[PDB]
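S.K.: Structure below; questions to follow.
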Amino acid sequence: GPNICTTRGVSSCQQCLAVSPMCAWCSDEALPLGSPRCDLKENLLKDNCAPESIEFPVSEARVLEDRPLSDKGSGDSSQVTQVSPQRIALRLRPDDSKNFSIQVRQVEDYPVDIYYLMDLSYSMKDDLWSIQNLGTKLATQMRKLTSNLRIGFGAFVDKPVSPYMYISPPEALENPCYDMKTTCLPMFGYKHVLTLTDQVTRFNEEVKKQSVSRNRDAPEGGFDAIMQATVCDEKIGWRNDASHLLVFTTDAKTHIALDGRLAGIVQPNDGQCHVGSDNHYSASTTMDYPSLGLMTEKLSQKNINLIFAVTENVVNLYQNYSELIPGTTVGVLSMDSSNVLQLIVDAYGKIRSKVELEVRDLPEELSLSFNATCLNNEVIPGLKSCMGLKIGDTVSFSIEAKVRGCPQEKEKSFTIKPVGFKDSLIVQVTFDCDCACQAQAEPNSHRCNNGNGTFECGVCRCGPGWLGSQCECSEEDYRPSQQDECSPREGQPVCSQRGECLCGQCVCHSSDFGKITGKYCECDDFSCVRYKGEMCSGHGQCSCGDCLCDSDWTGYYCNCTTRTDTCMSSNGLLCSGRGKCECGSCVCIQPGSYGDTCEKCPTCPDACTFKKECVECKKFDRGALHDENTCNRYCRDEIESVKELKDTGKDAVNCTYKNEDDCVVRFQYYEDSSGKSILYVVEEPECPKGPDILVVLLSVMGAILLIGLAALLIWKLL
Amino acid sequence: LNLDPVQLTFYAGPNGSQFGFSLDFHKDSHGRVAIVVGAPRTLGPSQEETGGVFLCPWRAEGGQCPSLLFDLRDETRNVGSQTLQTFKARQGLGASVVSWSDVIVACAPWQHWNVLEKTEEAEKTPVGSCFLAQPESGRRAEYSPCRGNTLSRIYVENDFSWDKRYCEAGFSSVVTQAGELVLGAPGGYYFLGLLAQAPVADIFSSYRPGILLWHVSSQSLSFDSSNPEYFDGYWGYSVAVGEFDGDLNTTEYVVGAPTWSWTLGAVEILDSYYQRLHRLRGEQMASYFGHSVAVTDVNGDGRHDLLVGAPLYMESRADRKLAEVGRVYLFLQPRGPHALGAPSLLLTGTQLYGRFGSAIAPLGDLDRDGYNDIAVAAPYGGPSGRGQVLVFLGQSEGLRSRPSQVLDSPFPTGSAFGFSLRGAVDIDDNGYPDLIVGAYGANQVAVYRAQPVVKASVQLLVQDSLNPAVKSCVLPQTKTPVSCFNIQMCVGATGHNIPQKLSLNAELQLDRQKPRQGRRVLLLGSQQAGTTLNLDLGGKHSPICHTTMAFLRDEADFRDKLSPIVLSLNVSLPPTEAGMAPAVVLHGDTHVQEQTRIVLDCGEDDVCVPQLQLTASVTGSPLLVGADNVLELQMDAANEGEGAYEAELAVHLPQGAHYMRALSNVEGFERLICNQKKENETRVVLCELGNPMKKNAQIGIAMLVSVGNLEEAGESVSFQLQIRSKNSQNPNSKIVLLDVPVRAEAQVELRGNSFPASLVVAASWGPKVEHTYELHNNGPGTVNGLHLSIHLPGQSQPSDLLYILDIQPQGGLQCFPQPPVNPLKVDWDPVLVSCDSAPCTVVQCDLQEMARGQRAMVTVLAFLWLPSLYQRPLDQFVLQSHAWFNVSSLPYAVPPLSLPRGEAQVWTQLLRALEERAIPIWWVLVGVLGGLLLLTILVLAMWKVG
Ligand SMILES: *[C@@H]1O[C@H](CO)[C@@H](O[C@@H]2O[C@H](CO)[C@@H](O[C@@H]3O[C@H](CO[C@@H]4O[C@H](CO)[C@@H](O)[C@H](O)[C@@H]4O)[C@@H](O)[C@H](O[C@@H]4O[C@H](CO)[C@@H](O)[C@H](O)[C@@H]4O)[C@@H]3O)[C@H](O)[C@H]2NC(C)=O)[C@H](O)[C@H]1NC(C)=O
Ligand SMILES: *[C@@H]1O[C@H](CO)[C@@H](O[C@@H]2O[C@H](CO)[C@@H](O[C@@H]3O[C@H](CO)[C@@H](O)[C@H](O)[C@@H]3O)[C@H](O)[C@H]2NC(C)=O)[C@H](O)[C@H]1NC(C)=O
Ligand SMILES: *[C@@H]1O[C@H](CO)[C@@H](O[C@@H]2O[C@H](CO)[C@@H](O[C@@H]3O[C@H](CO)[C@@H](O)[C@H](O)[C@@H]3O)[C@H](O)[C@H]2NC(C)=O)[C@H](O)[C@H]1NC(C)=O
Ligand SMILES: *[C@@H]1O[C@H](CO)[C@@H](O[C@@H]2O[C@H](CO)[C@@H](O[C@@H]3O[C@H](CO)[C@@H](O)[C@H](O)[C@@H]3O)[C@H](O)[C@H]2NC(C)=O)[C@H](O)[C@H]1NC(C)=O
Ligand SMILES: O=C(N[C@@H](Cc1ccc(OCCCCC2CCNCC2)cc1)C(=O)O)c1nc2ccccc2o1
Ligand SMILES: *[C@@H]1O[C@H](CO)[C@@H](O[C@@H]2O[C@H](CO)[C@@H](O)[C@H](O)[C@H]2NC(C)=O)[C@H](O)[C@H]1NC(C)=O
Ligand SMILES: *[C@@H]1O[C@H](CO)[C@@H](O[C@@H]2O[C@H](CO)[C@@H](O)[C@H](O)[C@H]2NC(C)=O)[C@H](O)[C@H]1NC(C)=O
Ligand SMILES: CC(C)CCC[C@@H](C)[C@H]1CC[C@H]2[C@@H]3CC=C4C[C@@H](O)CC[C@]4(C)[C@H]3CC[C@]12C
Ligand SMILES: *[C@@H]1O[C@H](CO)[C@@H](O)[C@H](O)[C@H]1NC(C)=O
Ligand SMILES: *[C@@H]1O[C@H](CO)[C@@H](O)[C@H](O)[C@H]1NC(C)=O
Ligand SMILES: *[C@@H]1O[C@H](CO)[C@@H](O)[C@H](O)[C@H]1NC(C)=O
Ligand SMILES: *[C@@H]1O[C@H](CO)[C@@H](O)[C@H](O)[C@H]1NC(C)=O
Ligand SMILES: *[C@@H]1O[C@H](CO)[C@@H](O)[C@H](O)[C@H]1NC(C)=O
Ligand SMILES: [Ca+2]
Ligand SMILES: [Ca+2]
Ligand SMILES: [Ca+2]
Ligand SMILES: [Ca+2]
Ligand SMILES: [Ca+2]
Ligand SMILES: [Ca+2]
Ligand SMILES: [Ca+2]
Ligand SMILES: [Mg+2]
């Protein structure tokens, strides 16, 4: 059929290939009456013209270097290769998309370096007493999962600038805590004390040697200290071959950008390190607080996993901030900070359970679509991250790159990096928009009507208008006009009244607001969907008036989103499993459910209604719907057989289940704020003793048999 | 728009003084205009930073400016046993500078005030102050509303109540038309924020030299609030004045609090008595929403509109899901006292970390188009991140998203250009406002002078059709008859204070579509397809019209006949003469095109008389207010006469309508094209039906129209449809009018659920049970007079099976039970029971207002009465609760149509472990008796027979 290569083209190899993603060119001379050299490969094969000169380039995704993923990591971390392939080469033809697959695995043990940045507010004074014996416990606990550990310690108070400091009286400069008759040191923005090291004794000695300062404003500028620690890698010694942890602990609000106006500081914050050998931040009194964007950018660049430890008063605020900065884990800190070790262990366990990918050095010319795949063969389209993972779990991803037009660079590169991991994939794309035959050039050939034109792979392009096949029609010649050679289905204006019927074809004109092409000049630019000045919605590109999307978009208007990252819930189910996701918005099919992911519902049925199969499998390893393997497929809660029945769980509810044995089993469901859904069940439920009839009827029939035997022996004697 | 980025005036001051941090215009008694600038780091006489103020006169070249003289020496006083000390070191004088009539007020928030008394002291804090100067009378005065003689211990014993030691007053100073200076103190009341309002005349008349501490009779400050949301709110970062209630007696104030509500950002609109008239919340936390607040009538409707900024706003991008670019919000005041709704318009920056929207400066009617214009400054916008200024013009619908003009920062990196902007003052007296932009990083001020704006209107008239047979004229210098026609071009320039002498170049091109050698028509005089003329419009208020004669080449010279002839007229400014700097900027209809054709198929009379008929149908009659209403309009056009030239479909839609899609049922490759444009106030849609069509041609077009929110459109909306043609005879067909009725209806859903679903009681206080009912206004519309009644068994008595422990409503609904629930304080075969049979307790809930999207919750906590539970424990229990809800009226003009009703039933069933009900052994007894009878009869039969 006409297809699209043959139509809207037939001018040169460049256009012939550029009109549609797939086309074939018959360089060898053949019959020109059939409009060849631009059609499906099969059509050209039917028409022959395959003397090994066929120009049908196909996109390739050849892998340059690839190595197997290491099973375990104990030494020689330089070649962990936890992410494969390391680097690939891609060659995509113009207006074509190609996709590849990658895998992400956690190689068991991995060295970890943790920096503990703590506030020294007055209310934290007591907490300072609970850290004097934390190094040994932390080392012992972390030894189970990690063999090599590095620990660094740093403390901060607040920004030393008025009015945050008690300038008066003059004696209060070296002792602001004079009203309460206490000992304190001058306020400091940031004071690194212990660099990263594997010596627990050094950490123990460092603690208990500091003190607690005083401040007026409740908010504490910990962002400055966090940024200084992140950027001053040399000062503390970040190791690129280890997992970077930053435990930030405070018990008060935090300042934001442009908050220095009160103190008179107006200079925008800079990410350059300003920490010298004195172990102090000189620019503390002259540098404004950093902005969230810069903080997040630096955190991503340095691959630092930030863990907040704050009290319940500001836990909601820190949770709200956490969802903004990627790779952040929140926690609850007690007043005495007696659960710091357990909290940090839980945060370390949780952070490794979340995997996310980031794109860097990505030009806007091309676009990427991501598909995620957790354990098992289940695949979630339009997703780049997986949840509910564990140590050693492996996940898969599919990345599809689509290019638009032909960028005039011929060499582009970008990187896909998982969060908190040195290893990342480097993808290089090269654009080959020029046909190989064009290398022949032949600028002057006698076949162009006695050498008065240019020749290119069987087509003579000549002069500023000479378009004839033999390069003879010219632009001023061809005065006589023919019929049935400029428009189809005679009975309509020639060239749709847009162009001139010359050289036997419709030549388009009025090259304004774009470019006009096509055999009959029917496809044109500057005719795309517009709302207030945009073109093609600003995402895709319009061909022949149809605004085709790029990657990550679909629809005629190309405003509906395809990626489901925004509409992904924390329970591993799209929109919490209570609704679908369309154009990045959750629609709750189930009535009575609303919210961002339909999770916020008051009147939904209790969980135990649909948890029967899980408890049945746990307690008996049997039940209905066992073929589907629903025992452990949706219920991630942990089931425990405990006969307490007296737990004082705030977010805990009793419920009952009915079994075929006719004994009701009562069990508790506790949904902790941390998300650790736990079921408490009673093993061997006490079925009331019912059977009291078999013995009675056995005795009755025995008595009847005895009476019968007595009658029989009486008859015998009689 | 017309701002000239070439001819700029540069003002410079001492290096390192952060000159240009704040700037304003000042007008003297004679009308002379000067620029007041404040440098917060000017070196004082004692080689210390104290700040200063500069008064730059209007100089075409600029340069150094005189510096105002203010006291910069510490003042110490002793009253009784108290000692008052003032320290102006690093006071940042000139941080905020304002002008009013002949008074210049420059504030230093960082000035330190200290009180000493023997041993105890009030601590040294940056209370700040404001210096007022009147150069005309040469008067000076000081203002400081947070000066006191209270010791720190007094505040400590009072829980820091009325703690005004950290006011930092003067951060944002505003002056009303009445001369009442209002200063903002975000740090007042221990980092909560406050305002201080005082007449300037009273301050001048109530100031005595040497009196550090004084109280003004008219001094008034905002009342402290104990709400935790205001903690660390810094309320008072930006302060503005405006009118919102419609009464000129009161002057409403707008205050921005970026850190209000745990770093959320908000804008509070208050009356003259510090009463919260309205509040607007931010979109995202840490966005610094409310950094700058401006009042301006952008739409021109007569009601002031609000502009807010959020430099720290974070957007979403394909490369990264988070990008800090800033945002600007526009709110339009609705008619009447209606509270402000969602933001009228949203503007987002492009450059990363550009802090867009930090400074917003009204510019009035820069282009004299009847609509106010504004400027938004990005400190680090643009590709180079050196700062930029975007000018937004006003319109009836609000502000255009696309910036009319963009001005870059000539200063190098670190200049912080665009930090402070101000305008709407005719400093140059040219009839148009100018702009002034400071740069503390570069320590300079750049003044941009606006240029006159001229509107150009171009009209072209030419014969609709040409007759080659008729040849009236004659070629010059020969006697060869040839067809001819007249082309008329009218050009008109309009404006205000336009230069007395103006020149323009008009280029007329004939058959521009065809090549120069292939042109079919030419000019009678020059015998060329194109010509250029110079028109002097200086002082010619009325449009200037010119006429020319054109002829058509011989038939044998060309063969194309159906191709139309295109005539184009282009108006342009004269080429840049010596010195460049064009006097005025010309915009408007600077290029027009028309198309004609030769007489063909118009009959023997040679005059085409088309006759067109149009029919229209509408689908989607039910229109709901506040819903995505979509109407399908099908228009069928037929031609019974001769072909119509340039036939198009013109559709006029209501204000809230919009054009989305349009297809043509007839033909699969027609490729219909439609466009939408604002003529005067409504978005008219023109669809190109086609060039001259063949006889008996019918075309059908189906289009989708989206209707937005409408509250004053009336009972029904109206749509107009017509056929537009350029033919001399019957240019347009009959006008088609379609009336679509509008009806408002809303649906409200009631749901209920009881927990736990299954409850087991073994064998005081029993197990807890909670019943929850939710009412949701899912419908797009709104309802009023929402009434609900919930009936439950029992009367909350010991004899009752269930005892209502507590009831909690949520959502503002007013609920009352009957009889009273929970009489005691309490410091802690299924059987169907319902209100109909068992004693009935009815709780009635009312809601006068119920906005769309809100949900009302009612929860009841109870337990099963254990004393009653013990009795007859072998009978199953299934209790029922019945909820019935409806509404009274709706907040819409349309009476139709009642609705909605709602019924809900909640059933809770209780179970016991292996009830002791009488097992049906009676069947066992019957079977045993039957077996015994069978055995006995068999024995008798086999024994009697023998
Ligand atoms: C990542 O996640 C996205 C989102 O889910 C995936 O995109 C979807 O991929 C599906 C799998 O290919 C698409 O559905 C299927 O794909 C067919 C393309 O392959 C053709 O198969 C026919 C079979 O006879 C062959 O002849 C052809 O030569 C091709 O090989 C689709 O044709 C088909 O979907 C339909 O196609 C018809 C005709 O084109 C359409 O008219 C119809 O509307 C429908 O699209 C088949 O069901 C699925 O469409 C696609 N989603 C889209 C395009 O929105 C990616 O595939 C995932 N990544 C990877 C690597 O799998
Ligand atoms: C942290 O995140 C929470 C949860 O996203 C946010 O708090 C929520 O703020 C909205 C504000 O629109 C509350 O909705 C509003 O509630 C008021 C009644 O208080 C009502 O009159 C309004 O019409 C609106 O519905 C929402 O209830 C609230 N939820 C929670 C759990 O607090 C907020 O972003 C942050 N809250 C913090 C840090 O406390
Ligand atoms: C390729 O195009 C070129 C022009 O770009 C053609 O050149 C011109 O071709 C015409 C052919 O009629 C020549 O006219 C003839 O030339 C002879 C000998 O010079 C002379 O007696 C007459 O004038 C006769 O009409 C013309 O001279 C020639 N121009 C030049 C500068 O050489 C060329 O013919 C085209 N190739 C073809 C048609 O194969
Ligand atoms: C919603 O529906 C309910 C019931 O469907 C309506 O209840 C109405 O309530 C009024 C009293 O407020 C009833 O009138 C009263 O009737 C009693 C006799 O039962 C009489 O003694 C009183 O003097 C008074 O006339 C009215 O009968 C009742 N409607 C029905 C159908 O029973 C309610 O009005 C509806 N609207 C709202 C906003 O709730
Ligand atoms: O914790 C302390 N400071 C904290 C910082 C801090 C100081 C005071 C404070 O409240 C302010 C409450 C505001 C009340 C409003 C006032 C205006 N009207 C409405 C209510 C909160 C935090 C740190 O230094 O980080 C601290 N504990 C002390 C014990 C004795 C003496 C001083 C002390 O200061
Ligand atoms: C996207 O990538 C997948 C995987 O590389 C491609 O699917 C493979 O296609 C080849 C041949 O077409 C088969 O031999 C493989 O078995 C397929 N694997 C899988 C997992 O499907 C797919 O064709 C690619 N799509 C595009 C448009 O490039
Ligand atoms: C794409 O374009 C329109 C116009 O921008 C989009 O309109 C937005 O719709 C979403 C939700 O539907 C709203 O939250 C936005 O406020 C709308 N923006 C504007 C400017 O109207 C719409 O999402 C898409 N168009 C269609 C037809 O769905
Ligand atoms: C509870 C069970 C063990 C009791 C059964 C005892 C029955 C079988 C006994 C009780 C009384 C007995 C009867 C007593 C007297 C006589 C009269 C004699 O001339 C013939 C037998 C005859 C007729 C006996 C037959 C057996 C008899 C019916
Ligand atoms: C379960 O019932 C017991 C008493 O039977 C009660 O104390 C407890 O609060 C209930 N809930 C949970 C989660 O245990
Ligand atoms: C002084 O002003 C000049 C003006 O160009 C500037 O270059 C310089 O940095 C300023 N500071 C000093 C110390 O010279
Ligand atoms: C302001 O108040 C005065 C005194 O009551 C009144 O005369 C005047 O009309 C008011 N201004 C208005 C209503 O605009
Ligand atoms: C009209 O003339 C001006 C003069 O320079 C030119 O810039 C403009 O492009 C012309 N208009 C068109 C449509 O070519
Ligand atoms: C637009 O409406 C106004 C009403 O004030 C009217 O004066 C004007 O003529 C209308 N526009 C046109 C092009 O008629
Ligand atoms: Ca502090
Ligand atoms: Ca503590
Ligand atoms: Ca008022
Ligand atoms: Ca307005
Ligand atoms: Ca304007
Ligand atoms: Ca001016
Ligand atoms: Ca006629
Ligand atoms: Mg503190």
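The numbers used for chain A are those of Swiss-Prot, and the residues that appear cover 27-744, in sequence.
Recorded method is electron microscopy, 4.1 Å.
Just so it is clear, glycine is given a Cβ too, placed from its N, Cα and C backbone atoms.
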S.K.: For the Ca(2+) 2 site that Swiss-Prot describes with A:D184, A:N241, A:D243, A:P245, A:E246, which of these is also annotated: A:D153, A:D267, A:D277?
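M.R.: Record source Swiss-Prot; matching candidate: A:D277.
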S.K.: Select one of A:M206, A:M213, A:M321, A:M361: the residue that Swiss-Prot places in the Ca(2+) 1 site alongside A:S149, A:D152, A:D153, A:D277.
M.R.: A:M361
S.K.: Region 'CX3CL1-binding' per Swiss-Prot sits at which of A:83-103, A:293-313?
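M.R.: Of A:83-103, A:293-313, Swiss-Prot gives region 'CX3CL1-binding' for A:293-313.
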S.K.: Return the single candidate from A:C529, A:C532 listed in Swiss-Prot as disulfide-linked to A:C521.
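M.R.: Partner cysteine, according to Swiss-Prot: A:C532.
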S.K.: Taking Swiss-Prot as the reference, A:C634 is linked by a disulphide to which residue in A:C593, A:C601, A:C661, A:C681?
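M.R.: In Swiss-Prot, A:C634 forms its disulfide bond with A:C681.
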S.K.: Have a look at A:203-210, A:339-346, A:483-490 and point to the one annotated region 'Involved in CX3CL1-, NRG1-, FGF1- and IGF1-binding' in Swiss-Prot.
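M.R.: Spelled out, Swiss-Prot records region 'Involved in CX3CL1-, NRG1-, FGF1- and IGF1-binding' over residues A:203-210, not the other listed ranges.
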S.K.: My list of recorded positions is A:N125, A:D153, A:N478, A:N680; which of them have a Cβ under 8 Å from any chain B Cβ, in sequence order?
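M.R.: Only A:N680 pass the 8 Å Cβ test.
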S.K.: When you measure from the Cβ of A:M361 (Ca(2+) 1 binding site), how many other Cβ atoms are you left with inside 10 Å?
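M.R.: For A:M361 (Ca(2+) 1 binding site), the count of other Cβ atoms within 10 Å is 13.
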S.K.: For the recorded Mg(2+) site, whose residues are A:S147, A:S149, A:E246, find every other residue on that chain with a C-beta no more than 8 angstroms from the centre of their C-beta atoms, and list them by sequence position.
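M.R.: Neighbours found: A:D145, A:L146, A:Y148, A:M150, A:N241, A:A244, A:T276, A:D277, A:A278.
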S.K.: With A:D152 (Ca(2+) 1 binding site) as the reference Cα, tell me which of the recorded positions A:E246, A:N478, A:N680 is the closest one.
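M.R.: Checked the recorded positions A:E246, A:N478, A:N680; minimum Cα distance to A:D152 (Ca(2+) 1 binding site) goes to A:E246.
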S.K.: Do any residues of this chain, six or more beyond the ends of the transmembrane segment (A:719-741), have a C-beta under 8 angstroms from a C-beta of it, and if so which?
M.R.: none
S.K.: Could you check what DSSP calls A:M361 (Ca(2+) 1 binding site) once collapsed to helix, strand or coil?
M.R.: coil
S.K.: Rank the recorded positions A:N125, A:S149, A:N397, A:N680 by the number of other Cβ atoms within 10 Å of each Cβ, and give the residue at the low end.
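M.R.: Result for the recorded positions A:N125, A:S149, A:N397, A:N680: minimum number of other Cβ atoms within 10 Å at A:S149.
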S.K.: Between A:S147 (Mg(2+) binding site) and A:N680 (N-linked glycosylation site), find the distance joining the two CA atoms and give it rounded to the nearest Å.
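M.R.: About 42 Å separate the Cα atoms of these two residues.
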S.K.: Under a threshold of 6 Å between Cβ and any atom of ligand 7, which of the recorded positions A:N125, A:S149, A:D153, A:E246, A:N478, A:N585 are retained?
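M.R.: Correct list: A:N585.
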S.K.: Name the one residue among A:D277, A:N346, A:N397, A:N478, A:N585 whose Cα is closest in three-dimensional space to that of A:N125 (N-linked glycosylation site); these are the recorded positions.
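M.R.: Going through A:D277, A:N346, A:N397, A:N478, A:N585 one by one, the closest to A:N125 (N-linked glycosylation site) is A:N397.
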S.K.: Of A:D153, A:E246, A:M361, A:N585, which is closest to A:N346 (N-linked glycosylation site) if I measure between C-alpha atoms? They're all recorded positions.
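M.R.: That would be A:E246, the closest of A:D153, A:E246, A:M361, A:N585 to A:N346 (N-linked glycosylation site).
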S.K.: DSSP secondary structure for A:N478 (N-linked glycosylation site), reduced to helix/strand/coil, please.
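M.R.: Coil, per DSSP.
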S.K.: Across all protein chains in the structure, which of the recorded positions A:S147, A:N478, A:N585 has the highest Cβ count within 10 Å?
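M.R.: The most densely surrounded of these recorded positions is A:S147.
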S.K.: For A:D277 (Ca(2+) 1 binding site) and A:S149 (Mg(2+) binding site), determine the Cα separation and express it in whole Å.
M.R.: 8
